[PDB]
Every structure is written in C-alpha cells, then in structure tokens.
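Participant:
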Amino acid sequence: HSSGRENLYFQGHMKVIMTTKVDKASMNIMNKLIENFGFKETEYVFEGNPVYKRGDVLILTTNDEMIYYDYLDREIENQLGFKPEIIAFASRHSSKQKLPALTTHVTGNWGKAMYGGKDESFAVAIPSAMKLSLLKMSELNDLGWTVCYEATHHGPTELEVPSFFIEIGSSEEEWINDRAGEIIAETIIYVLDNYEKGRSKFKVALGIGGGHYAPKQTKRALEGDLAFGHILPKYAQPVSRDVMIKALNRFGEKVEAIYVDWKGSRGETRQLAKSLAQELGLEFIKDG
Amino acid sequence: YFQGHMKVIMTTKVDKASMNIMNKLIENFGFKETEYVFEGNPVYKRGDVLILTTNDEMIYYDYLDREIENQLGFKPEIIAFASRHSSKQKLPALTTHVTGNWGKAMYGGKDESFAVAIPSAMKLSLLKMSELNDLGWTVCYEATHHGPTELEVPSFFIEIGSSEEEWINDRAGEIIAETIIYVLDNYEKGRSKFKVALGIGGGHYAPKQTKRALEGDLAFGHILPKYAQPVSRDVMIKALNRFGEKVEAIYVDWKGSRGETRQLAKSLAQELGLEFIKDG
Amino acid sequence: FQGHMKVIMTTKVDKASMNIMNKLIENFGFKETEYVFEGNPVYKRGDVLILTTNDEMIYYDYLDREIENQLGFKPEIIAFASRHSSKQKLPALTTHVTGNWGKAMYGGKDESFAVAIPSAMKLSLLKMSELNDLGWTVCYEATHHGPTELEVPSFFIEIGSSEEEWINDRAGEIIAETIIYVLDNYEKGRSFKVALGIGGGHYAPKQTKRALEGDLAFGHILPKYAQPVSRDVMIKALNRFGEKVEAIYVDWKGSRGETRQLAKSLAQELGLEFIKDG
Ligand SMILES: [Mg+2]
Ligand SMILES: [Mg+2]
Ligand SMILES: [Mg+2]
C-alpha cells in the first residue's frame, strides 16, 4: 500500500498490540483478543504476518523475540506508515520459581544489557496504562495469581513511543492458561480504551527499592494515586546520578515524584534519590 | 551507644586494599565487634573510633555522612576512607588525598565540586607512613580526584597503590592501619604549627607538595595537578571554600603549572590575603 | 635493592637528560632515597631507580660494576636518558645501542659493543611514535659511541638534535613516559624477531620502518659510513645481544658491496635468517 493509502487507513491515534510467534503467552493472548473482541482481518502485513484491527487498536506479530526489537517504532512507520501512540507488548514472563503472575513493566537496563536494548538506557514509560493494567488485572483475577509490577528490565530500549510489557508468568503451564489469556486480553482492551482519559488523577513516579516484583510500588498503585514508570529494584542499585537522571527523562507522562521503598533501598541510592527530588522539584515519597 | 565524637574509618568489601587495612586495624588495635550494623555489615569500635563497611565502591557514596547519621544516629567528626589506588604503571605507593572534581566527574561525586579537606590528618598521614615505610615504596599525596564530593564532614582517602600485589601486602596493610590510628588520635592536637595550603602544579603524585609536607610546616588540602589545569577563578574559589581547616597559603609548583593557572593562583592569593608560596 | 631492578642513568652535564629526569620526578611517583650514587641522590619508583653522574655518560665503561659496588645490586637493564647532538638540524626522538664498529672516539673500546636489548628499543620506537604530537622524526640510530664495557643489557633513548629540542618540555615528557612504559613492559609480549641491522645512514631509516611495520627488533646496527667491517667484528657484535639473534637484515642499497656479501655469507654460516631489503 502507498503512504497515501496508509495515511488515510491509519489516521489519528493508533494503538499497537505487539505479539510474537515464538512466545506461547503472546499467542494465547492474541487468540483471546481475536476470539472475543471484534478484531477484523486487514489487507496490511507487518514482518510478513497479518495485521488485525479493532477500531484504533491493531495487533501486529513479529517472528522472533520482541525484547531485541530496538527501533520497533521506526519499523511500524516504515511498514505501515504511522507512528503508534503506544505499544503494548503481550508477553510471557519466565522464572525458575513457581510464581503464577499477571504483571506489567517498562523495559530498560539500569546497567549492562543482557536481554536486549542498550546499556544504561530506557524505553519510554507509560505510567497511566500500567496503573490501569494493575487495577483491571486485579479486578479480573479469579486465579489467585499475583498481580504486580516488575522492575524496569530487558529490552528493547530504543523506542521513542511510550510502551509497556504486559505478561503472564512464570512457565508454559501459566503461559497457555485460557483464563490468563482472557484476563490479559480483556485488560489490554480496557487499558487502551481508557488510559488517555483515565489518568487525570494519577501521580507519576519513579519507583526505587524492593525486589523484582516491586511489592511496595504495587501496593501503592493498587491502593492510591501513584502511577509508576521506571522502577529501580535493590539488586540493580547502586546507579549513578547520570543514570537516574536518564531514567527520569524517559517517561511518556511528566514525572511528579520520586518514591522510595526506604528499607528496600541502598543507602547511597536512597540519598541520591532524595537529593535529586529536591534538585529537580519533584515530590519525595518515603515509604518506611 | 555511639555517644561522644565518633571518628569513622570507612571500608568496602569490593576493595582488596580496604579489606586488608580493615583486618589489620581489627587485629592490631583494640576494636570490638559491636551489636550494630551499617549497610548490613558489622560495626567495630575502639573508643571514639569506628570501622564501618559498605558493599560497593566508596567513591560513588555521595551523602555518606547522611547515611551514617540515619543508620547509626551520629554525625562523624571525620571520615578516613581506607582504599586502593589503581594504575597500570608499576608504582608501589602509600598515599593520601582528598576527593573532588576540578572539572567533569567520571569516578563519583559532582562536576566542579569538592569534599571537605582535612589538611592536618593528611600531613600526619604522610609523616607517619614515611616513618613506618620499610618497603621502599613511595609515600606521597595524590591530587584531588574522584568522588565522593557531597560530604559535609571533613574526610580523606588513605591508599595502597597500584595493583593487587600491593593491595594485599600484609606489611602495607599494617602500615596504613597503624597510621590511621595515629592520625585519628593526634590530628586535632598536633596541628598547631601546620600552615594550611591549597596546592597547585606537578603531576598526579604531587611531588613538590609532598616534599614540603614532609620537610616543613605546610599541610595541603586540595591539590590541582597540571593535567587538570586550567580551571576558572570560580572553581579555584570553590575548592578554597572546601577546607575543614582555615586556608593560610596558596602554594604553586611554578614550572609544574600552566601559565594561566599559576597567574590566577598568584592573583587570588593577593586578593584573599593568603600567603603566596612559589617553588621555581 | 633486591628485586628486578631497572636503572635510568642521567648526567648533570646533559640538558636533555635533566629535562627527562625532571619529567620523571614531576609525573611518575619517584621518591627521594637515603642512597647516593656518584655523590648524587638516588630516586626510586618501585624497582626503577634514577641515578645521576657528574660527567658525560658515554665514557663510563664498567658502569654496571660501579652500580654493583656503590648500591649493592646488579641491574637487569640500564636506560640512558641522553641528548643527541648533530650539526644538521633534525628534531628527533631516538633510541640506539652503544658500540664502536672501528676506532672509539666518544667512549668505550675499539671494535667493542655494549649488550643490546632489542625488545626495549622496539617498544621505545612504538611508544615514542604513539606519543609524537611534536611532528619530529622517531627512529633508531646506528650503534655508536660508548660505553662499550657493560655486561647488563642497556639502551640509549635521546632527544635530538640541539639545545632547542633538548629543553623542549613535551619532548622530555614523551621520553619519560616511554622509559617508564618500556621498563614496566619490555619482558612481556615477546614474541619479536631479533636482528642485526646493516646499512643506511646514521638514523637507520629502513631498519626503523621495518621495526614499526612488523616484528623485527633490531639490536646492533652497522650504518654505511662505518662499513666495511671484518667478519670477526661482525661476529663480535652478534655475540653482544641480550636476546638471541634470529636474523641478519640488510638495507641493500644502503650498504657497501663487500659488507652486504659478508653479511649474507655469515647469515648462511651461522644458520641465521637473511633478510634483504631492496
Ligand atoms: Mg518482561
Ligand atoms: Mg583515591
Ligand atoms: Mg647516543
């Protein structure tokens, strides 16, 4: 299709759900979206795969892991002729531990990149979408699974459009669970349909401290107004002032606070956070 | 528990020289293991002297004093950082210096910022390390370099250079341990004849400043080596305002300095009513 | 002074030597010691010492015996920090071994050679070139001048060719940096192919080019103006390398006919590689 036809077909804000053939959770979620939400087939292709559409929401499918797809937004523009408003990556979470979970997080590398993207670099966070994801997954969760953030981790990082990962953890048995697929599908649709308007009461925060599943950040997001973007877990601390500043500059909604799980943070890192909050005119929120 | 005026020795688990020095302090002096922890590690105590240990490099621990206050409930009188020095050159050395960044910060701290220097403690360090040195190693200052800078308690680094072979040397650890205790026991009362100076010029190991500190009354705080020159008037003033003991002189290694900087130093000394001291 | 001791030799009478010594002390963490050599202070940086003599160093045959007598150790290597002086202006940073192909006019004995240290000189050439922001020539010089009566391996490292260059602060720093780097590193990274060099002018242009281009590390170098020499003299020089000789290299066009044939013959006789350049 010509750019002309693409500019008419994909006019206004387009919201992209990214999937991949190699991820059983991703394919589960895709199946549930197609089965239940009124997606249509289109004449468009992306990475040699069909593009599905439901109003302003699209499903695109790549052929390999999504975590290495730096410059994905450049390729959506090249292949389909538009810059997405948001990318929701529908994904698995893998762990050796038997944690059944429904999670959301932004991608980025506090230090060295081992699973995609660049060192000390961050994708652009979308706090409202992640907060609504936690709230809706929590409501829909009849599985007894943990609904939580994860820390900023893995790629891609070279994305200018706001994005988030939404995931089923932590093994194949959970990835292919029909109900989990349906919960995530229902969540993605609700979030994409509501995050633009529904964010007016949220307080955007960088989160610091605690483990990979960000328990205090999660509790605050479920119970109050905080909407986290990047989250710096204890295992990733300490980081330099320049790295923290970089993360603070990689939010798709203006940062208003730096939040610290105090006992869950390194001394040097919690002091740096406090000093940067003061320096940058952000609220400092100390839990503990 | 930590009532009185605590002097702190800072160590880290990631630095082999630091841990060597830590163990020699504990083995050779009357430190007890307290019931208290700092950064999750034991705190040791000998009278008014404490040993604390962090888990990562110390050079990035800006606001360390705030954390000592937070975790242990006191403001330290001084911090002595027991540290390695690292170089590719085969220089075995026992050194002391203050931290700070003449320009951009690449190894901790903030750009164009300085820790608070403690000249008396560093001069006593040089003198005592020289007296104890039976290794044939070089005892000298280093220039002001690396972090942290965001500290409002006087502090100094005391270091074993320049590779693992030196860092783990038992006698080097013993010398630095013995020096730390002597310095902490004496810097307050032993400095009445010292003349506090900003030092300018020479290379990283500040040879002329070191010679003056070993032979005469001069006690240097911040030292600005030729490789870090030139600096602005405001940067030199900033360093002058980051001494824990009143500055009395600006000392210049003349041939060891850039023209614009040695002129600036001379002018500022006259402007501020400080003694100007020139070698060369 | 127990250890693998390296000596940097200087002299009060040489402005380049004093410039180099100043930069070493300014920048590399030398200490003053209690020790004296030739009545002058000894400076120390780990296993590297700076010693200073009162007169020209080129006449100091048996210098290693005196280091041993005065300081009580045998040096592993001696680096002489020196000026190069020439009537023809050529700003240069150079290295060479000492020896006399014929009559001794500037120290040492006739038809006698110091023990060469090819690895140290090749590393010197490489480092000086890396650090040369002066735009000066960087090269070997021919084997020339004294001292010759030295059993410890040694090399001269020099600033040429006049006072203008000798007092150049940047030149002093380049040489100081080079000496420190070489003394700290010369025993590591070999394999180099050790060669006797034959042919060319005083500044050994073809030998220099080869030593920068590939693996050749020259020891003694016999320039055209010093040729011809006898088979016995060539053999003497060959027996004065601190690292085993593997090749005889000849700048063909830069050599006298009788000498280049001699070298070719001797290489075959000793089972050395013969390298003909041109
Ligand atoms: Mg993920
Ligand atoms: Mg240091
Ligand atoms: Mg010479």
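Chains as they are written, first to last, in the authors' numbering: chain A, -12 to 275; chain B, -4 to 275; chain C, -3 to 187, 189 to 275. All C-beta atoms in this analysis are idealised placements derived from N, C-alpha and C, irrespective of residue type, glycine included.
Quick one: what does DSSP say B:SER115 is sitting in, helix, strand or coil?
Facilitator: In this structure, B:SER115 counts as helix in the three-state DSSP scheme.
Participant: Could you name each continuous beta strand (DSSP E) segment of 3 residues or more that falls completely within the segment 1 to 73 of chain B, going from the start of the chain to the end?
Facilitator: Those beta strand (DSSP E) runs which fall completely within the segment 1 to 73 of chain B and span 3+ residues are 2 to 7, 27 to 33, 36 to 41 and 44 to 49.
Participant: Residues with a Cβ closer than 6 angstroms to any heavy atom of ligand 3, in chain order?
Facilitator: Chain-ordered list of matching residues: C:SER78, C:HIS80, C:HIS92, C:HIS141, C:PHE152 and C:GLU154.
Participant: Please tell me whether B:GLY198 has its Cβ less than 7 angstroms away from any Cβ of chain C.
Facilitator: Taking Cβ atoms only, chain C reaches closer than 7 angstroms to B:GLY198, which makes this a yes.
Participant: Mind checking the segment 3 to 29 of chain C against chain B and listing, in chain order, the residues whose C-beta falls within less than 9 angstroms of any C-beta there?
Facilitator: Answer in chain order: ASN18, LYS19, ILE21, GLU22, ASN23, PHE24, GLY25, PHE26, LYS27, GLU28 and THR29.
Participant: With a cut-off of 8 angstroms on the beta carbons, I'd call A:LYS190 and A:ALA214 a contact; round off their distance for me.
Facilitator: 7 angstroms between Cβ atoms; contact.
Participant: Mind checking whether C:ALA260 and C:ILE245 have CB atoms under 7 angstroms apart?
Facilitator: The answer is yes: Cβ separation under 7 angstroms.
Participant: Using a C-beta to C-beta distance shorter than 9 angstroms, which residues of chain B count as neighbours of C:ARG186?
Facilitator: Those within 9 angstroms of C:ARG186 in chain B number zero; the least Cβ separation is about 18 angstroms.
Participant: Counting Cβ pairs, one atom from each stretch, are 3 or more of them under 8 angstroms apart for the segment 13 to 23 of chain B and the segment 106 to 115 of chain B?
Facilitator: With the cut-off at 8 angstroms, the segment 13 to 23 of chain B and the segment 106 to 115 of chain B do not touch.
Participant: Return the residue from the list A:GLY(-9), A:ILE16 and A:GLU255 that minimises the CA-CA distance to B:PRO143.
Facilitator: Among A:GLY(-9), A:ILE16 and A:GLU255, the Cα nearest to that of B:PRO143 belongs to A:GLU255.
Participant: Which ranges would you report for the alpha helix (DSSP H) in the segment 101 to 155 of chain B if only whole runs of at least 4 residues count?
Facilitator: Fully enclosed alpha helix (DSSP H) runs of 4 or longer: 114 to 127.
Participant: Check whether the Cβ atoms of C:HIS141 and C:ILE195 sit closer than 7 angstroms, and answer yes or no.
Facilitator: No, the pair does not count as a contact, with Cβ atoms beyond the cut-off.
Participant: CB-CB under 6 angstroms to B:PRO71, same chain, minus the five flanking residues each way: which ones, in chain order?
Facilitator: Closer than 6 angstroms at the Cβ level, and outside the excluded window around B:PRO71, lie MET1, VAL3, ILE63 and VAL148.
Participant: Are the C-beta of A:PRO225 and some C-beta of chain B separated by less than 7 angstroms?
Facilitator: Yes, contact with chain B.
Participant: What do you reckon, are the CB atoms on B:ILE163 and B:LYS8 nearer than 7 angstroms?
Facilitator: Their beta carbons are not under 7 angstroms apart, which means B:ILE163 does not touch B:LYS8 by this criterion.
Participant: How far does the alpha helix (DSSP H) with A:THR205 in it extend, from its first residue to its last?
Facilitator: Its alpha helix (DSSP H) spans residues 202 to 210.
Participant: Throw me the rounded Cβ distance for the B:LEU127 and B:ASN181 pair, which I believe falls under 8 angstroms.
Facilitator: 14 angstroms between Cβ atoms; not a contact.
Participant: So for C:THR94, helix, strand or coil by DSSP?
Facilitator: Residue state, collapsed to three classes: coil.
Participant: Buried or exposed: which applies to A:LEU121, given that a residue is buried once 16 or more other Cβ atoms fall within 10 Å of its Cβ?
Facilitator: With 16 or more Cβ atoms within 10 Å of its Cβ, A:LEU121 is classed as buried.
Participant: Nearest-angstrom Cα distance between A:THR90 and A:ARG237?
Facilitator: Straight-line Cα distance between these residues: approximately 21 angstroms.
Participant: Taking 7 angstroms as the CB-CB limit, is A:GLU255 close to chain B?
Facilitator: At least one chain B Cβ lies under 7 angstroms of A:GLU255.
Participant: Smallest Cα separation from C:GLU240: which of C:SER78, C:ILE113, C:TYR31 and C:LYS99?
Facilitator: Checked all of C:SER78, C:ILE113, C:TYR31 and C:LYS99; the closest Cα to C:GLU240 is C:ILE113.
Participant: Tell me, please, whether the CB atom of C:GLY168 is closer than 7 angstroms to any CB atom in chain B?
Facilitator: Not one chain B Cβ lies under 7 angstroms of C:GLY168.
Participant: Taking the DSSP output, what are the residues bridged to B:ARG79?
Facilitator: B:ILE155, per the DSSP bridge assignment.
Participant: Tell me whether A:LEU219 sits in a helix, a strand or coil according to DSSP, three-state version.
Facilitator: Looking at A:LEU219 - three-state DSSP - the assignment turns out to be strand.
Participant: Consult DSSP for B:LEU263 and reduce its assignment to one of helix, strand or coil.
Facilitator: B:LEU263: helix per DSSP, three-state reduction.
Participant: If you measure beta-carbon to beta-carbon, which residues of the segment 118 to 149 of chain B are closer than 8 angstroms to chain C?
Facilitator: Listed in sequence order: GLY131, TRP132, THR133, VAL134 and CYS135.
Participant: Under 8 angstroms, with one C-beta from each stretch per pair, do the segment 129 to 141 of chain B and the segment 163 to 174 of chain B reach the 3-pair mark?
Facilitator: Yes, the segment 129 to 141 of chain B touches the segment 163 to 174 of chain B.
Participant: Would you mind reading off the limits of the alpha helix (DSSP H) that contains C:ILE232?
Facilitator: Element bounds for C:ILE232: 228 to 235.
Participant: For C:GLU137, does the count of other Cβ atoms within 10 angstroms reach 16, so buried, or fall short, so exposed?
Facilitator: When all chains shown are included, C:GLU137 counts as buried.
Participant: Can you tell me which of the three DSSP states C:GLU243 falls into?
Facilitator: The answer is coil: DSSP assigns C:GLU243 none of H, G, I, E or B.
Participant: Counting along the chain, where does the beta strand (DSSP E) carrying B:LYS184 start and finish?
Facilitator: No beta strand (DSSP E) holds B:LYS184; DSSP gives it neither H nor E.
Participant: For C:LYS85, which residues from the same chain have a beta carbon less than 8 angstroms from its beta carbon, with the 5 sequence-adjacent residues on both sides left out?
Facilitator: Cβ within range, chain order: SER157 and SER158.
Participant: To be precise: take each residue of the segment 35 to 64 of chain C, compare its Cβ to all Cβ atoms of chain B, and keep it if any distance is under 8 angstroms. Which residues remain?
Facilitator: From the segment 35 to 64 of chain C, only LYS40, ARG41, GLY42, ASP43 and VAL44 have a Cβ closer than 8 angstroms to chain B.
Participant: Using only alpha-carbon positions, find the residue among C:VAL32, C:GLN204 and C:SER82 that is nearest to C:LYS250.
Facilitator: Closest by alpha carbon: C:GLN204.
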